[PDB]
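Asker: coordinates only, sequence not included:
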């Protein structure tokens, strides 16, 4: 024992390191997803401005 | 006609304004979702640091 | 020149696309229930690991 | 003092929670297909509306 126990604990820790690295790769992908939600928000602002111009047009024939 | 057509077009435009405002409220909510993905990413960094300390501990008994 | 009827048709098309966009945004939103769970579960892991680190450490303290 | 076995049990618990976290992150990721569609569909609406604005406007130009 003694060294055996520490080796077995170390094996759990390394397996968890690997999980964490996989989680980080996945979460990075979700973050990239978020950056286009940010672009979607921008596009919305632009669409509103365009509608308002068209509305001004329609109001004056 | 003439004024009728412009009124009918204006009705479409206003309906689209309302849709845009609803879309903005929803997209704002997705953006808030994203801000906790950002917190999740942070928590991951911290967990890794904690595992590394525990690993140092286990390496020296 | 463009006709009023053609304008109405194009706007009606746009309005349909916005609605369909809206439906998809709704489905993404419905995932929030999940992102919150992820945050809370990860937070539990974080706190627990840090606690374990502390339990393992030898602390010397006097009265 | 804490025992090696107790440490192994707690770590095994944490490892299970990470896995379950991972499953949930995977489900959120699978939504990307949807966020991209939203971006592309909104972009079409944006471009089309701006185009319509231009079609409606009277433009004077000479050779």
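Answerer: Thanks, I have the structure now. Numbers count the residues shown, from 1 in each chain, chains lettered A, B, ... in the order given.
Asker: so which residue of chain A comes closest to chain B?
Answerer: Closest to chain B within chain A is residue A:34: 3.6 Å, counting by Cβ to the nearest Cβ. Bear in mind the C-beta positions are built from the backbone N, C-alpha and C, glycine included.
Asker: Excluding residues flanking it in the chain, which one is nearest the residue nearest to the spatial centre of chain A?
Answerer: Centroid-nearest residue in chain A, with Cα atoms, centre = their mean: residue A:31, separated by 1.9 Å. Once flanking residues are discounted, residue A:31 sits nearest to residue B:37: 5.9 Å by Cβ to Cβ, 6 or more residues apart in numbering or on different chains.
Asker: check contacts around that neighbour.
Answerer: Residues counted as contacts of residue B:37 (Cβ atoms under 8 Å, 6 or more residues apart in numbering or on different chains) are A:27, A:30, A:31, A:34, C:35.
Asker: can you redo those residues as CSV with secondary structure?
Answerer: As requested, the contacts of residue B:37 are arranged in CSV below (DSSP: H, G, I helix; E, B strand; the rest coil):
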residue, secondary structure
A:27, helix
A:30, helix
A:31, helix
A:34, helix
C:35, helix
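Asker: what does chain A put close to chain B?
Answerer: By Cβ under 8 Å from any Cβ of the partner chain, the residues of chain A that approach chain B are A:6, A:9-10, A:13, A:16-17, A:20, A:23-24, A:27-28, A:30-31, A:33-34, A:37-38, A:40-41, A:44, A:47-48, A:51, A:54-55, A:58-59, A:61.
Asker: and those, which are buried?
Answerer: Among the residues of chain A next to chain B, those scoring as buried are A:6, A:9, A:13, A:16, A:20, A:23, A:27, A:30, A:33-34, A:37, A:40-41, A:44, A:47-48, A:51, A:54, A:58 (criterion: 16 or more other Cβ atoms under 10 Å in any protein chain shown).
Asker: close enough to count as contact, the residue of chain A closest to chain B and residue B:36?
Answerer: No: Residue A:34 lies out of contact with residue B:36 (Cβ atoms under 8 Å); the separation is 10.1 Å.
Asker: contacting residues for residue A:50?
Answerer: Neighbours of residue A:50 in contact, by Cβ under 8 Å, 6+ apart: D:46, D:49, D:50, D:53.
Asker: For it, which non-adjacent residue is spatially closest?
Answerer: Per Cβ to Cβ, 6+ apart, closest to residue A:50 is residue D:49, 4.5 Å.
Asker: Max pairwise distance over the contacts of residue B:37: which two?
Answerer: A:31 and C:35 (11.8 Å; Cβ to Cβ).
Asker: No more questions from me, cheers.
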